[PDB]
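Asker: these are from a larger complex, still in place; more later:
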Amino acid sequence: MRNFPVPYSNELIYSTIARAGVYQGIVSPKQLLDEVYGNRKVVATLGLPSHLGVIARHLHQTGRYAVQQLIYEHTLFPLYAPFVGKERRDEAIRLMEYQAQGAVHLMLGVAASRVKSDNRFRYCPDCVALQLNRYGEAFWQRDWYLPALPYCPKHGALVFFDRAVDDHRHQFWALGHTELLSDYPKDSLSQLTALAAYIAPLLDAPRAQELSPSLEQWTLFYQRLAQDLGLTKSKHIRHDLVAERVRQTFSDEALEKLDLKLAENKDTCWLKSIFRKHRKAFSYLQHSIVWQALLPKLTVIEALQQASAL
Amino acid sequence: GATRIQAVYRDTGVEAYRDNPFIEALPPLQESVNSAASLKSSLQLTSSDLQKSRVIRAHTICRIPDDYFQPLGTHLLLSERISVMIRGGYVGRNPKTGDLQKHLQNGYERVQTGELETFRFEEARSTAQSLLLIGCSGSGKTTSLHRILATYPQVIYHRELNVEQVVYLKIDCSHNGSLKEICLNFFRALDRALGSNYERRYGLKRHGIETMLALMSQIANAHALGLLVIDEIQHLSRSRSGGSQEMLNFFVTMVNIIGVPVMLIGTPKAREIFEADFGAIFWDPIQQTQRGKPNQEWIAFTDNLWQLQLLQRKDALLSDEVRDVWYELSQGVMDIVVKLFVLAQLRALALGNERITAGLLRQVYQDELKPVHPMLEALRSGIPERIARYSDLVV
């Protein structure tokens, strides 16, 4: 292949490969797969792609784009990079440079939740006006495809349309504005919009590249925070004051939508598992909620730096 | 195929050429004072070559036709027109400010719905212009075009983008006016000027003709093709049933809709195709007298040619009689003027009389130029009825 497009600012590599067949008139997905990759066994994935390296070979002459920049700038890897830990981050980085697709998901065990959900093609109708008036092109953006938030950190809700990524495995699809215009207002929650705005600057932060704590650092950080905060039992939780603060900060409907409904009655709760000794990595949502409810005036990067340094 | 050149951007002084990389990576425009001297060529003739053996002095003479070029008045005008219509076809295809990307999105509809008038955007305009060249056979249409287009780098590579700009391309028609074998000629030239393989990708998967015509205009925009030249357009007369009009319209759509400039070269016989339905340039052989005084072009041409002799007993200077017989036999057609000189010298070497006279010119013309006699006789007669068949002069 002779003319592989450079990725736009804040774009997933899926959109770049999709445009690399619109720019040259390739219609059948098998021909595009045989040209770009050389195999017909590859699977299209939005977020955390594999088979990288052949993409870096096409962009070789433009010296800037290498495998590290593609991994850390045009994927969803920085959301999972710090929370997993130093042990598996390097293995996942090594694995994404070769032909192991599902092994990367297995190594990033937080993403290894077996079957996923909400694979419909999302978009934000307000950002597309800026995309068309600035570039002349429309493309998938990393803000839209957060793992569990169907919200835009600057405008609000996302307009879904019912086409699934897994509907056609080998097809790369590119957004078209004539098909796109199906905007209708929906219900909006300001608390989740604020959460999305809080969680957005993590993506474009260089600190997440080289800084990641471990499990015992996490539990020491949590126990020191609880002891200094003062709403604790004898080396244990009050189980009421922290939950009351969480309910004050966020409504029950928001947690029900986020699939993290609080369960006071049962002994097995995600918050309780967070407090107790860590045994497995947790998602970004739980850490973000804990940080926001317990540290109401500190940014994400500085909070992670405080958790990791000590 | 061709060596790629890393682009360095210049500062054009024209307001319209503000920040278009495709026309700042091009070599600068030249004035007419040096444009008539950038094309001149000649053969060396070291002064020690007159004393060499007869076989070496015979193999040296034969390279005169391939290395002697003299710029004329019309070459400057053709060069200026080509330069303007190359640099003016890029202003509507700016790659930075989202203007080339509006053209590549429209082209996917055309290859997808199989129609060349399908549009998604409406503010994507194109400015191409067009040209057409007509002249008699042997007048020098192709050798004075390969020389003009030899100052441009063809393939250029940009590092800020990831685009390989192909400045110009050249193909020619099929021996019949076929439809499927012009698209394949375009693909063959394109992947012989780059090293890729598009003939296996397109055109070998059993596509219909409209799909091929749609794919031909998209890969010509992926690489910003500045100029397209189709040689020997007179082959179009032998087309299939009604196929002559189809490509004549297609070469109009690309200039008007897609935006790629198109140039056509042919003989006077190809005027009938356009008459039934583009700017026109007409080329004619040199006339000895047009103002009532001897033409300066003919004097300059003969005077510069006469200084390329390896004969030992060469004449001091060209006399009037030799010039008159040289024009009488050749009548001004470019190919005969040089070939007659080459053959006269080649015979003067072997015959033993290392001189050039009028009688030797007449004898060589009578012996070695038999098949070309009737056309030159018709030209010498100057009767429109005789020229109505062949001799390639436009009435």
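Answerer: Structure's in. What do you need? Numbers count the residues shown, from 1 in each chain, chains lettered A, B, ... in the order given.
Asker: Could you count how many residues lie near the closest residue to chain B within the stretch 1-150 of chain A?
Answerer: Residue nearest to chain B within the stretch 1-150 of chain A: residue A:136 (2.6 Å; C-beta to the nearest C-beta). C-beta here means a position set from N, CA and C on the backbone, and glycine is covered the same way. Other residues within reach of residue A:136, judged by other C-beta atoms under 10 Å in any protein chain shown, total 19.
Asker: Spatially nearest residue to it (excluding sequence neighbours)?
Answerer: residue B:98 (2.6 Å; C-beta to C-beta, 6 or more residues apart in numbering or on different chains).
Asker: tell me the phi and psi of residue B:379?
Answerer: Here is the backbone geometry of residue B:379 (degrees, to the nearest 10): phi -60, psi -40.
Asker: For chain A, see how far away the spatially closest residue to it that is not a sequence neighbour is.
Answerer: Using C-beta to C-beta, 6+ apart and skipping residues adjacent in sequence, the residue nearest residue B:379 is residue B:331, 4.8 Å away. From residue B:331 across to chain A, the span is 49 Å (C-beta to the nearest C-beta, to the nearest Å).
Asker: Mind jotting down where the strands sit in the chain?
Answerer: You didn't say which chain, so I picked chain A. A:120-121, A:151-152, A:156-157, A:161-164 (DSSP state E).
Asker: you looked at the wrong chain, it should be chain B
Answerer: B:5-6, B:130-135, B:155-157, B:164-166, B:168-172, B:227-231, B:262-266, B:281-283.
Asker: what about residue B:27, how many residues close to it?
Answerer: The number of residues packed near residue B:27 is 11, by other C-beta under 10 Å.
Asker: and chain C on top of that:
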Amino acid sequence: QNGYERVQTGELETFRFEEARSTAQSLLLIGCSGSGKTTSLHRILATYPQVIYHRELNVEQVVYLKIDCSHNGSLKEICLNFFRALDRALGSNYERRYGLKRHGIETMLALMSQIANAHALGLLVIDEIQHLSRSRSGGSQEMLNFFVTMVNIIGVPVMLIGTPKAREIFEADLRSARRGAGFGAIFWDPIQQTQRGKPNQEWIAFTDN
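Answerer: Alright, chain C goes in next:
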């Protein structure tokens, strides 16, 4: 690259990049039958080796090649005679690969322009050019164009040999007459007993030996 950089800076006014090769040379040999047009060529070309192998490179320079026209006047069989003759000059096979029935004349004419540059041919002589006229495959204008486009592609010089009835084939237009007499035209005649006012010496020399 240095020339381009200097012409963009402004030091050097002019620069000339790569150019294209000129049209191949061509010759026409016309003479009556029985004059010795095949024997002369086969004795002249016998002093040249056919296939020379170069060690520094990896090319087998085929110095010359000889084919002949087809009795049909067909244009697609003089594209297969090329492959058939070149498979005998060398030990390779090309009529099996490039001689399919899917390819047209316009595609075979471009496939034979690549194996004529992989092996750097020096000549291509076509014998018995008389057999072109009155062909049911196409008209006269569909072969007078095939010759022009074949001269303008291959790059190797071509030589054409035929009887004096082949003059009318190539004397139909200036475009083909100019190319036929590309490097002169040779017309052959039988020996004359009396030259000017004295008996010929060539006749006596030929008869005595």
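Asker: Check the neighbour count of residue B:27 one more time with chain C there.
Answerer: By the criterion of other C-beta under 10 Å, residue B:27 has 18 neighbours.
Asker: cool, the one 3 residues further on as well?
Answerer: Taking other C-beta under 10 Å as the criterion, the count of residues near residue B:30 is 16.
Asker: how about it, what does it touch?
Answerer: Residues near residue B:30 by C-beta atoms under 8 Å, 6 or more residues apart in numbering or on different chains: B:38, C:13, C:14.
Asker: closest point of chain C to chain A, which residue?
Answerer: Of all residues in chain C, the one sitting closest to chain A is residue C:1 (15.2 Å; C-beta to the nearest C-beta).
Asker: And that residue, how far from residue A:61?
Answerer: Separation of residue C:1 from residue A:61 (C-beta to C-beta, to the nearest Å): 15 Å.
Asker: circling back: quick one: contacts for the residue lying closest to the residue of chain C closest to chain A once chain neighbours are set aside?
Answerer: Once flanking residues are discounted, residue C:1 sits nearest to residue B:5: 6.3 Å by C-beta to C-beta, 6+ apart. Neighbour list for residue B:5: B:153, B:155, B:156, B:157, C:1, C:4 [criterion: C-beta under 8 Å, 6+ apart].
Asker: looking at it, the fifth one is touching residue B:6, isn't it?
Answerer: What that stands for is residue C:1. Yes. With contact defined as C-beta atoms under 8 Å, residue C:1 reaches residue B:6; the gap is 6.7 Å.
Asker: What is the burial count for the residue nearest to residue B:251 when sequence neighbours are not counted?
Answerer: Leaving out its chain neighbours, the residue that sits closest to residue B:251 by C-beta to C-beta, 6+ apart is residue B:262, at 5.3 Å. Here the number of neighbours of residue B:262 (other C-beta under 10 Å) works out to 20.
Asker: following sequence is chain D, add it:
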Amino acid sequence: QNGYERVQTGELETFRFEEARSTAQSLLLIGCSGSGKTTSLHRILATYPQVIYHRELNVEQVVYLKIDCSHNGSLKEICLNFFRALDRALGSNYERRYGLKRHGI
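Answerer: So, slotting chain D in with the rest:
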């Protein structure tokens, strides 16, 4: 005539004459193994003469026909057992006409 366009179109609800009507019914039979659901049917249907040839017309009326479902559950084999059983009771050759050609269901 209604059935020709169903072949051409491929949709089995089209019609050309509205006056054409169907007057057929349906039956279902279920019983445990060993009850005699096959031999009793054979004995009942042995009264009728199957193929009857008409002289004023040129048709050959087929009173009844019996096939069985394929073990594999295939959809292309139930449509081939029909042709096999039809040309076994007529002596014709319809499987080569219809089954051999590349046809969708």
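Asker: The neighbour count of residue B:27 again, this time with chain D added?
Answerer: Counted with other C-beta under 10 Å, the neighbours of residue B:27 add up to 18.
Asker: Relative to residue B:147, how far out is it?
Answerer: Residue B:27 sits 15 Å away from residue B:147, going by C-beta to C-beta.
Asker: Right, and chain C sits closest to which residue of chain A?
Answerer: For chain A, C-beta to the nearest C-beta, closest residue to chain C: residue A:61, 15.2 Å.
Asker: Please verify my assumption that that residue contacts residue B:159.
Answerer: Yes. Contact criterion C-beta under 8 Å: residue A:61 and residue B:159 qualify, at 6.7 Å.
Asker: before we move on, back to that, which ones are touching the residue of chain A closest to chain C?
Answerer: Contacts for residue A:61 (C-beta under 8 Å, 6+ apart) come out as B:157, B:159, B:162.
Asker: Name the nearest residue to residue B:341, sequence neighbours excluded.
Answerer: Distances taken as C-beta to C-beta, 6+ apart put residue B:305 closest to residue B:341, at 6.4 Å, once the chain neighbours are dropped.
Asker: which other residues reach the longest helix along chain C?
Answerer: As assigned by DSSP state H, the longest helix anywhere in chain C is helix C:80-89. Contacts of helix C:80-89 with the rest of the structure, by C-beta under 8 Å, 6+ apart, involve C:50-51, C:62, C:65-68, C:70, C:92-95, C:98-99, C:108, C:112, C:115, C:119, C:124.
Asker: Which strand residues bridge the spatially most central residue of chain C?
Answerer: Central residue of chain C (C-alpha atoms, centre = their mean): residue C:158, 1.7 Å from the mean position. Beta-bridge pairing for residue C:158 (DSSP bridges): residue C:26, residue C:124.
Asker: so what's it up against?
Answerer: Residue C:158 neighbours (C-beta under 8 Å, 6+ apart): C:24, C:25, C:26, C:27, C:123, C:124, C:125, C:126, C:150, C:151.
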